[PDB]
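[1] what's the 3D shape of this:
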Amino acid sequence: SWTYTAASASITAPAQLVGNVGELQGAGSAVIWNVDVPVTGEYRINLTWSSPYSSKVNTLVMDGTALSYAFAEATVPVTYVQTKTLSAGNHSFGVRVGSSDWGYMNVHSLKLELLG
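    Residues are numbered from 1 along each chain as shown. Shown next is the structure:
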């Protein structure tokens, strides 16, 4: 498990990197993380965010996949666990918000744990 600092990612407006925390604000934002998969194994996607509201409609960008999900009422460093089999080579990670999946939260860091 590693904490992929959002500052090393691409803070696309309305996204804004503040204090090493990429916080998106409404559709159009995209906190894209650029990293290279270490080995060939199942890495479960854990997204750390804090948006004290109720439920938003965002699209999480991981391993080049557009996994749509509603940001469950969160506030405390909550790690959205999503099991995705990662392969060796190169993979794209991040968080995108758009008309199809709008949001308004803070993107602390893209955590990647070694599931299997």
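[2] switch to C-alpha atoms for all contacts and neighbour counts from now on
    Noted.
[3] So which residues make contact with stretch 97-109?
    With contact meaning Cα atoms under 8 Å, 6 or more residues apart in numbering, stretch 97-109 is reached by 3-6, 20-31, 47-51, 56-60, 68, 95.
[4] in that stretch, what counts as buried?
    Neighbour counts over stretch 97-109 (16 or more other Cα atoms under 10 Å) mark 97, 101, 102, 103, 104, 105, 106, 107, 108, 109 as buried.
[5] Can you flag which of those residues belong to strands?
    Assigned to strands by DSSP state E, the following of the buried residues of stretch 97-109 qualify: 106, 107, 108, 109.
[6] Could you check how far the last one is from residue 9?
    This points to residue 109. Distance, residue 109 to residue 9, by Cα to Cα, to the nearest Å: 9 Å.
[7] Now residue 76. Its backbone dihedrals?
    Phi and psi for residue 76, reported as degrees, to the nearest 10, are phi -80, psi 140.
[8] residue contacts, it?
    49, 50.
[9] go with 10 Å
    48, 49, 50, 51, 52 (Cα atoms under 10 Å, 6 or more residues apart in numbering).
[10] Those residues into CSV, with extra columns for distance to residue 72?
    Output for the contacts of residue 76, formatted as CSV (distance: Cα to Cα, whole Å):
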residue, distance to residue 72
48, 12
49, 10
50, 10
51, 9
52, 9
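[11] buried subset of the contacts of stretch 97-109?
    4-6, 21-31, 47-51, 56-60, 95.
[12] does the residue sitting nearest the centre point of the chain belong to a helix or a strand, and which?
    Nearest to the mean C-alpha position of the chain, by Cα atoms, centre = their mean, lies residue 95 at 4.1 Å. Secondary structure from DSSP states H and E places residue 95 in strand 91-96.
[13] Verify the contact between residue 95 and residue 29 for me.
    Yes: using Cα atoms under 10 Å, residue 95 is in contact with residue 29, at 8.2 Å.
[14] if I look at residue 102, how far off is residue 12?
    Distance of residue 102 to residue 12, given as Cα to Cα: 14 Å.
[15] for residue 94, same thing?
    Noted for residue 94: a distance of 11 Å to residue 12, by Cα to Cα.
[16] Identify the contacts common to the two.
    30, 31, 32.
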